[PDB]
Amino acid sequence: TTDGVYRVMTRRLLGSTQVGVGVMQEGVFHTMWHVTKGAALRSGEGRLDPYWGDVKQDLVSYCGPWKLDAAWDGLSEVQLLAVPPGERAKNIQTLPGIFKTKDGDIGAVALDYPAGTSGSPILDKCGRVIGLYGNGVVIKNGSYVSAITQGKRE
Amino acid sequence: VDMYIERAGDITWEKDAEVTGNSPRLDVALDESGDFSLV
Ligand SMILES: CCCC[C@@H]1NC(=O)[C@H](CCCCN)NC(=O)Cc2cccc(c2)CNC(=O)CNC(=O)[C@H](NC(=N)N)CCCCNC1=O
C-alpha cells in the first residue's frame with residue numbers, strides 16, 4: 001500500500017485488461033465504484049477489502065475510510081494525471097467547466113480517454129488529489145466531459 | 001476473476017504542462033445509481 005497511482009487490472013486464464021486506476025494515500029486505496037463494482041482487490045500477495053463506498057458518488061475506498069479531502073477551488077486550472085491502458089502516466093492541464101445540478105455545481109473536465117482510465121486522479125497545483133476522473137456525460141458531438149468526483153473525509 | 005493493482009507512478013503536478021480542453025457549462029441530473037445524464 002505504498003502511496004502513488006495504480007492501475008486496476010483483471011485477468012482470467014489469458015492476458016490482462018486494465019479496467020481502471022486509483023490512488024493509494026494514507027494506507028487507503030481510492031477508486032471509482034464502476035471500476036471494481038465494490039469487490040475485493042489483490043495487491044501483490046495481499047488482499048484489500050472494501051471499507052467505504054457510495055454508488056451515487058461512484059466511489060469506493062479499500063482498507064480504511066476515504067482520505068482525499070482536497071477540493072477544487074472553483075477557479076483554478078487543474079491537471080488530470082491520466083493513466084491510460086498501455087501508456088505511462090501523463091499530466092494534462094485544463095480549466096474545468098461545470099456540471100450544474102439541482103443540488104449545486106460540480107467541476108467537470110472536457111478530457112477524453114479510454115474507459116480503463118477511470119479512477120485517474122485530478123490534481124490541484126499543490127499536487128493534492130481534488131477528485132477522480134471517469135464519471136461523466138457524452139455531449140452532442142460524441143466528446144466526453146467528466147465530473148471531478150470527490151468523496152468526503154469524515 | 002483476479003482483480004489486482006499495479007503501481008503506475010508518483011502523484012505530482014507537472015510544471016509548464018500542456019493545456020487543452022474547453023470549459024463546458026452543462027445541465028445534468030445525477031440519479032441514485034450514480035449515472036449523470038444531460039437534462
Ligand atoms: C457505468 C460505467 C461508466 C463508465 C464511464 N463512462 C462514462 O462516464 C460515460 C457515461 C455516459 C452518460 C451516461 N448517462 N459513458 C460513455 O462514454 C459510454 C460511451 C458512449 C458512446 C461511445 C462510447 C462509449 C465508445 N467509447 C469508448 O469505448 C471509449 N471512450 C469512452 O468510453 C468515453 N468517451 C467518449 N467519448 N464516449 C470516456 C470514458 C472515460 C472513463 N469513464 C467511463 O468509462
# chains A, B, ... in the order shown; residues from 1 in each chain; ligands from 1
call {"tool": "residues_near_ligand", "arguments": {"ligand": "ligand 1", "cutoff": "7 Å", "atoms": "only C-alpha atoms and all ligand atoms", "output": "PyMOL selection string"}}
result
(chain A and resi 34+112-118+133-138+142-144+146) or (chain B and resi 35-37)
call {"tool": "interface_residues", "arguments": {"of": "chain A", "to": "chain B", "cutoff": "6 Å", "atoms": "only C-alpha atoms", "output": "ChimeraX atom specification"}}
result
/A:4-12,41-43,55-58,92-94,96-101,110,127,136
call {"tool": "select_by_dssp", "arguments": {"residues": "chain B", "states": "strand (DSSP E or B)", "output": "list in words"}}
result
residues 2, 3, 4, 5, 6, 7, 8, 9, 19, 25, 26, 27, 28, 29, 30, 36, 37 and 38 of chain B
call {"tool": "residues_around", "arguments": {"residues": "residue 64 (chain A)", "least_positions_apart": "2", "cutoff": "12 Å", "atoms": "only C-alpha atoms", "output": "list in words"}}
result
residues 1, 24, 25, 26, 27, 28, 29, 30, 48, 49, 50, 51, 52, 53, 60, 61, 62, 66, 67, 68, 153 and 154 of chain A
call {"tool": "select_by_dssp", "arguments": {"residues": "chain A", "states": "alpha helix (DSSP H)", "output": "list in words"}}
result
residues 33, 34, 35 and 36 of chain A
call {"tool": "closest_residue", "arguments": {"among": "A:145, A:32, A:89, A:95", "to": "residue 131 (chain A)", "atoms": "only C-alpha atoms"}}
result
A:32
call {"tool": "residues_around", "arguments": {"residues": "residue 72 (chain A)", "least_positions_apart": "2", "cutoff": "8 Å", "atoms": "only C-alpha atoms", "output": "VMD selection string"}}
result
chain A and resid 70 74 to 76 107 124 130
